Amino acid sequence: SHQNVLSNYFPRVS
Amino acid sequence: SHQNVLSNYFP
Amino acid sequence: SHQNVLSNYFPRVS
Amino acid sequence: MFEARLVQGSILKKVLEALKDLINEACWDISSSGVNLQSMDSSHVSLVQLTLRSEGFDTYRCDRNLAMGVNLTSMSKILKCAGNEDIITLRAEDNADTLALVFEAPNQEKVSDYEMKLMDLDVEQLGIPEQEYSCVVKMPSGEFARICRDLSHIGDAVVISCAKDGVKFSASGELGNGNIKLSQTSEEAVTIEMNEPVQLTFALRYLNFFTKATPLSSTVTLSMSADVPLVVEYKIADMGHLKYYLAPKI
Amino acid sequence: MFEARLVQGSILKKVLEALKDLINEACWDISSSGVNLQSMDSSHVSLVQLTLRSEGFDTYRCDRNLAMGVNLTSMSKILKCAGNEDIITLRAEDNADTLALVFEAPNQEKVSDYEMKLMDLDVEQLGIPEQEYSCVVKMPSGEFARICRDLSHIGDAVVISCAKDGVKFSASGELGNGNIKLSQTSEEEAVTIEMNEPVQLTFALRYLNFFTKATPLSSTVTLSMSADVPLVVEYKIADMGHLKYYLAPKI
Amino acid sequence: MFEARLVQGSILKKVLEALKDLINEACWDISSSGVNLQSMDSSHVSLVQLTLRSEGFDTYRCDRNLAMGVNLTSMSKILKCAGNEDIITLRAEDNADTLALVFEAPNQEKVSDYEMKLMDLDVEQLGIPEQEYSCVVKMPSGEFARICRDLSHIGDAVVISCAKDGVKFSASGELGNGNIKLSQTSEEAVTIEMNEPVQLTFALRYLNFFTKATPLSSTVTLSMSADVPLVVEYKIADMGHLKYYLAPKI
């Protein structure tokens, strides 16, 4: 198993 | 903030 | 009282 | 001999549902005028008084007065085994060793019969004399129960502030604070008899036990004065009533 | 190859619900006459016999006879995934390694497909001879389920006393003791008694309460008794078969 | 001052119910165009984006834009104290120290008033790019919700397989494996727009959280492409939507 985080796909707009 | 019992009221 | 088993009532049919 | 018969048996089912979480033991005073019960809970913070008048029964007969040690958790367990529509009968003899309970189905092909042991109880008595109340609030019991259930999300204590403006229930906690205001109306009415404004504080834990009597009555009354216990009162129709008493905080 | 099809799948859901808490594994005898299942519970005090006849399925096919080791909880977990109106199909192929369960929804957009592994199970079977019984009671399964639940508040064992026109259930414990008396009525909701000889016996309420898990299968339940023989509690999966529970008496 | 009023308050109750188990804290972006809310879960695998437009309200008013750090369990606890039929009002002032929630009953002889404190949040926001999707599936939200619950009996990951026929949901574990196939129908419809077959894998744990929004919408839409997060979309009728984003496995 391995879980990907949304960081791989979405930019950090803060 | 505090509290008692029901003894202190009734005969 | 004591709990009885069904072995005591039904034969072992194979 | 003691023998009492009640065709709307659900009354008794509801009564012991209203008691059994609060007190484990209580003593039943039987006389020719009916049934009284009084007891405090373990903390001695609250007290409950139950009255059931003779003429609310369909067959009442008492040869002479009795005091019956009853474990109420047990007595509840038994009453759970009564049908919603069963005619329930209570009986006690010379021995007062046991109390007998009879559940007759109205169809007549089922009759249940239970006999429970009566323990022996030390009787720590108090007198709840009826008092005057600065303010007295009448409202639908489900409404009150919902106030109490709601504010338990908020805090551990409710502040009741009653003026003629209407009555307000308040609580505060970690989240923040909450306030519910009821006003006086045109069954489901909210009526307020006020002689003097009061603001008191009560543990919500105890009130939530009281609201277990909710299925007994459409209406509930709250009676308050500064420096006296609150009375939360449910009226059992045509028979009697259930009063819960609670000491304020601070 | 084996394939069986049932348009009202809820039958099969309820059968499982009635089994899985009493027995965890069991063997399914598939033939062309239907399905038999029989097993003791671990304690060997109770037994369960399940019958589901061929003609109660809308499509039954049993080319070769089969004996299928099944974990009944696994099968229960799968069957939770069926709707009560799913058309449920069981299928097993050549080697009988897996059992396939197919759920067709009447919504029609959905066909679910599940396959559980068939374990290999050892066979301690018992032979239940056909008898007739001193006393036999037919009554609403809900009434019975309640009798059993209620008296469990009172004691751990019930004494059933069956006479000419009424049966009495008794239990005792610390609170005190209780007795329930049923009489015969003026169909499904009647209480009827066929008695050749009065019986008074004693049984574990723990086990009966597992039995009543079969309640949603049948409106009516029948109890059969004789002295010195196990009680039989029977629910009928109507038109197809039955679920019989057998229980050994106390003392 | 900021003021939002919603005569059908249940909408908001359902939103909080749809969020509160997935995320504990969040920031509410208040703007004259409506309300936005966005947050990741602690594990950063999923995201939820909430939009509620000005014109879906019965009374919307915003003089200054606001960003409100909110404990969502607290806010849920509060909205539990609202009835399904209550007119709900949100209010914030100049100062923005606390957020006020006002519940008016259709009974209207009762008004509840709650105020929760605004904590301070480092709000790790994300930017949601506009993509187009290989496969896009529309189905009844309860059906999707039952798919997700059913397969949680079997395994911890679901494999969604979309070809032109329909989409297939699959999971495996110790018991065995399960496969659920939906096809397109002749609402309650199932529609599948497929431009190129996809086969993806997601944690069912997260999906079972998403399905908490089922009561908000009769229909749910799923959007997929290889190597972009899954989008689960519920539409709040007339007001906005609730979109969940989930990162695929391996």
# chains A, B, ... in the order shown; residues from 1 in each chain; ligands from 1
call {"tool": "interface_residues", "arguments": {"of": "chain D", "to": "chain E", "cutoff": "10 Å", "atoms": "only C-alpha atoms", "output": "JSON, numbers by chain"}}
result
{"D": [71, 73, 74, 75, 77, 78, 79, 80, 81, 82, 98, 99, 100, 101, 102, 103, 104, 107, 108, 109, 110, 111, 112, 113, 114, 115, 116, 117, 118]}
call {"tool": "write_last_selection", "arguments": {"atoms": "C-alpha atoms", "output": "short mmCIF file (atom, residue, chain, number, x, y, z; two decimals), in the first residue's frame"}}
result
data_model
loop_
_atom_site.label_atom_id
_atom_site.label_comp_id
_atom_site.auth_asym_id
_atom_site.auth_seq_id
_atom_site.Cartn_x
_atom_site.Cartn_y
_atom_site.Cartn_z
CA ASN D 71 -34.78 -2.19 44.76
CA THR D 73 -33.51 -1.43 39.31
CA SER D 74 -35.08 -4.84 39.96
CA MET D 75 -38.58 -3.42 39.90
CA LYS D 77 -36.55 -5.05 35.16
CA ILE D 78 -39.85 -6.63 36.03
CA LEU D 79 -41.99 -3.81 34.66
CA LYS D 80 -40.09 -4.00 31.41
CA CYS D 81 -41.72 -7.42 31.06
CA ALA D 82 -45.17 -5.85 31.08
CA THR D 98 -42.23 -10.12 48.46
CA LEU D 99 -44.36 -7.87 46.30
CA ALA D 100 -46.42 -9.65 43.65
CA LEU D 101 -47.05 -8.20 40.20
CA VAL D 102 -49.67 -9.37 37.74
CA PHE D 103 -49.70 -8.60 34.03
CA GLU D 104 -52.92 -9.46 32.27
CA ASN D 107 -56.86 -10.34 25.01
CA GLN D 108 -56.97 -12.75 27.99
CA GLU D 109 -54.74 -15.55 26.68
CA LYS D 110 -51.61 -14.27 28.33
CA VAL D 111 -51.05 -13.65 32.03
CA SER D 112 -47.64 -12.92 33.49
CA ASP D 113 -46.89 -13.26 37.19
CA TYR D 114 -43.82 -11.90 38.99
CA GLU D 115 -42.86 -11.88 42.65
CA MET D 116 -39.83 -9.83 43.77
CA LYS D 117 -37.99 -9.77 47.06
CA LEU D 118 -38.41 -6.80 49.35
#
call {"tool": "calpha_fit_rmsd", "arguments": {"fixed": "chain D", "moving": "chain F"}}
result
0.5 Å
call {"tool": "interface_residues", "arguments": {"of": "chain B", "to": "chain D", "cutoff": "6 Å", "atoms": "only C-alpha atoms", "output": "list in words"}}
result
residues 1, 2, 3, 5, 6, 10 and 11 of chain B
call {"tool": "select_by_dssp", "arguments": {"residues": "range 2-233 of chain F", "states": "helix (DSSP H, G or I)", "output": "MDAnalysis selection string"}}
result
chainID F and resid 10:19 54:56 72:79 141:153 204:216
call {"tool": "calpha_fit_and_write", "arguments": {"fixed": "chain C", "moving": "chain A", "output": "mmCIF file with N, CA and C atoms, in the first residue's frame"}}
result
data_model
loop_
_atom_site.group_PDB
_atom_site.id
_atom_site.type_symbol
_atom_site.label_atom_id
_atom_site.label_comp_id
_atom_site.auth_asym_id
_atom_site.auth_seq_id
_atom_site.Cartn_x
_atom_site.Cartn_y
_atom_site.Cartn_z
ATOM 1 N N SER A 1 -27.426 -26.944 38.884
ATOM 2 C CA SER A 1 -27.568 -26.958 37.441
ATOM 3 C C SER A 1 -26.754 -28.077 36.798
ATOM 4 N N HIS A 2 -27.268 -28.689 35.730
ATOM 5 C CA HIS A 2 -26.403 -29.513 34.878
ATOM 6 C C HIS A 2 -26.940 -29.544 33.445
ATOM 7 N N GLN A 3 -26.043 -29.405 32.474
ATOM 8 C CA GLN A 3 -26.438 -29.364 31.072
ATOM 9 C C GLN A 3 -26.069 -30.644 30.331
ATOM 10 N N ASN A 4 -27.070 -31.284 29.735
ATOM 11 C CA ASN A 4 -26.848 -32.491 28.950
ATOM 12 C C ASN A 4 -26.449 -32.150 27.520
ATOM 13 N N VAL A 5 -25.632 -33.004 26.912
ATOM 14 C CA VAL A 5 -25.157 -32.764 25.563
ATOM 15 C C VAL A 5 -25.956 -33.640 24.621
ATOM 16 N N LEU A 6 -25.971 -33.292 23.344
ATOM 17 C CA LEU A 6 -26.765 -34.043 22.388
ATOM 18 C C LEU A 6 -26.243 -35.454 22.155
ATOM 19 N N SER A 7 -25.045 -35.722 22.656
ATOM 20 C CA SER A 7 -24.445 -37.044 22.606
ATOM 21 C C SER A 7 -25.276 -38.081 23.331
ATOM 22 N N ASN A 8 -25.943 -37.682 24.408
ATOM 23 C CA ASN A 8 -26.761 -38.638 25.123
ATOM 24 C C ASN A 8 -27.952 -39.111 24.324
ATOM 25 N N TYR A 9 -28.324 -38.375 23.282
ATOM 26 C CA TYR A 9 -29.559 -38.678 22.565
ATOM 27 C C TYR A 9 -29.385 -39.043 21.092
ATOM 28 N N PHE A 10 -28.386 -38.462 20.435
ATOM 29 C CA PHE A 10 -28.247 -38.642 19.003
ATOM 30 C C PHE A 10 -26.965 -39.368 18.671
ATOM 31 N N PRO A 11 -27.023 -40.290 17.701
ATOM 32 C CA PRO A 11 -25.835 -41.002 17.249
ATOM 33 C C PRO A 11 -24.911 -40.109 16.413
ATOM 34 N N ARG A 12 -23.611 -40.375 16.461
ATOM 35 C CA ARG A 12 -22.672 -39.668 15.605
ATOM 36 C C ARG A 12 -22.601 -40.253 14.218
ATOM 37 N N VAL A 13 -23.402 -39.746 13.293
ATOM 38 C CA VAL A 13 -23.210 -40.169 11.920
ATOM 39 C C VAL A 13 -22.228 -39.190 11.326
ATOM 40 N N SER A 14 -20.966 -39.582 11.186
ATOM 41 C CA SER A 14 -20.017 -38.741 10.464
ATOM 42 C C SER A 14 -19.693 -39.494 9.202
#
call {"tool": "select_by_dssp", "arguments": {"residues": "range 9-197 of chain E", "states": "strand (DSSP E)", "output": "PyMOL selection string"}}
result
chain E and resi 25-31+34-40+46-53+59-62+66-71+87-92+98-104+110-117+135-140+157-163+166-172+176-182+192-195
call {"tool": "interface_residues", "arguments": {"of": "chain D", "to": "chain F", "cutoff": "12 Å", "atoms": "only C-alpha atoms", "output": "number ranges by chain"}}
result
D: 139, 143-144, 146-155, 165-186, 188-191
call {"tool": "decode", "arguments": {"residues": "range 67-91 of chain F", "atoms": "N, CA, C and O atoms", "output": "short mmCIF file (atom, residue, chain, number, x, y, z; two decimals), in the first residue's frame"}}
result
data_model
loop_
_atom_site.label_atom_id
_atom_site.label_comp_id
_atom_site.auth_asym_id
_atom_site.auth_seq_id
_atom_site.Cartn_x
_atom_site.Cartn_y
_atom_site.Cartn_z
N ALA F 67 -12.27 36.35 7.36
CA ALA F 67 -11.76 35.00 7.37
C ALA F 67 -11.77 34.47 8.79
O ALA F 67 -11.01 34.92 9.62
N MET F 68 -12.63 33.49 9.06
CA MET F 68 -12.94 33.11 10.43
C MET F 68 -12.43 31.73 10.83
O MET F 68 -12.93 30.72 10.36
N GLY F 69 -11.43 31.71 11.71
CA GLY F 69 -10.94 30.46 12.27
C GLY F 69 -12.00 29.83 13.13
O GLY F 69 -12.41 30.40 14.13
N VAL F 70 -12.40 28.62 12.77
CA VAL F 70 -13.51 27.94 13.42
C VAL F 70 -13.18 26.51 13.82
O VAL F 70 -12.61 25.75 13.05
N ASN F 71 -13.49 26.17 15.07
CA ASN F 71 -13.49 24.78 15.47
C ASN F 71 -14.79 24.18 14.97
O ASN F 71 -15.86 24.60 15.36
N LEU F 72 -14.71 23.21 14.07
CA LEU F 72 -15.93 22.73 13.46
C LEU F 72 -16.69 21.74 14.31
O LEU F 72 -17.87 21.53 14.10
N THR F 73 -16.03 21.09 15.26
CA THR F 73 -16.80 20.19 16.09
C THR F 73 -17.68 21.07 16.95
O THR F 73 -18.88 20.82 17.07
N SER F 74 -17.09 22.13 17.51
CA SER F 74 -17.84 23.12 18.27
C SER F 74 -19.02 23.64 17.49
O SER F 74 -20.12 23.67 18.00
N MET F 75 -18.80 24.02 16.25
CA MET F 75 -19.89 24.57 15.46
C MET F 75 -20.98 23.52 15.20
O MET F 75 -22.16 23.84 15.20
N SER F 76 -20.58 22.26 15.05
CA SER F 76 -21.54 21.20 14.85
C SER F 76 -22.35 21.01 16.10
O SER F 76 -23.57 20.89 16.04
N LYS F 77 -21.66 20.99 17.24
CA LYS F 77 -22.33 20.85 18.52
C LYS F 77 -23.43 21.86 18.67
O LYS F 77 -24.53 21.53 19.11
N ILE F 78 -23.16 23.08 18.24
CA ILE F 78 -24.13 24.16 18.24
C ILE F 78 -25.31 23.91 17.32
O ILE F 78 -26.45 24.02 17.72
N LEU F 79 -25.05 23.53 16.08
CA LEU F 79 -26.11 23.38 15.10
C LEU F 79 -27.01 22.19 15.42
O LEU F 79 -28.15 22.11 14.95
N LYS F 80 -26.51 21.26 16.22
CA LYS F 80 -27.33 20.19 16.78
C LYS F 80 -28.46 20.75 17.63
O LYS F 80 -29.50 20.13 17.78
N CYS F 81 -28.24 21.93 18.20
CA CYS F 81 -29.22 22.60 19.03
C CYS F 81 -30.23 23.36 18.21
O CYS F 81 -31.06 24.09 18.76
N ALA F 82 -30.13 23.24 16.89
CA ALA F 82 -31.12 23.83 15.99
C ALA F 82 -32.12 22.79 15.54
O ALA F 82 -31.77 21.63 15.34
N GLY F 83 -33.37 23.21 15.38
CA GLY F 83 -34.39 22.33 14.84
C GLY F 83 -34.31 22.33 13.33
O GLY F 83 -33.72 23.22 12.75
N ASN F 84 -34.91 21.34 12.69
CA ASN F 84 -34.85 21.23 11.24
C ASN F 84 -35.56 22.36 10.53
O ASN F 84 -35.27 22.66 9.38
N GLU F 85 -36.45 23.05 11.23
CA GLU F 85 -37.31 24.01 10.57
C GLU F 85 -36.98 25.42 10.94
O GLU F 85 -37.52 26.35 10.39
N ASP F 86 -36.02 25.56 11.84
CA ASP F 86 -35.60 26.86 12.29
C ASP F 86 -35.01 27.72 11.18
O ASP F 86 -34.31 27.26 10.28
N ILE F 87 -35.30 29.00 11.28
CA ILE F 87 -34.65 29.97 10.46
C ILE F 87 -33.32 30.29 11.07
O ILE F 87 -33.24 30.79 12.17
N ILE F 88 -32.25 29.97 10.37
CA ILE F 88 -30.94 30.18 10.95
C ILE F 88 -30.28 31.46 10.47
O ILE F 88 -30.38 31.84 9.31
N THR F 89 -29.64 32.16 11.40
CA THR F 89 -28.97 33.42 11.12
C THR F 89 -27.51 33.37 11.59
O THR F 89 -27.24 32.99 12.73
N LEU F 90 -26.57 33.74 10.72
CA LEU F 90 -25.17 33.88 11.09
C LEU F 90 -24.81 35.36 11.17
O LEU F 90 -25.15 36.12 10.27
N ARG F 91 -24.09 35.77 12.20
CA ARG F 91 -23.75 37.18 12.34
C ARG F 91 -22.35 37.36 12.89
O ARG F 91 -21.91 36.61 13.74
#
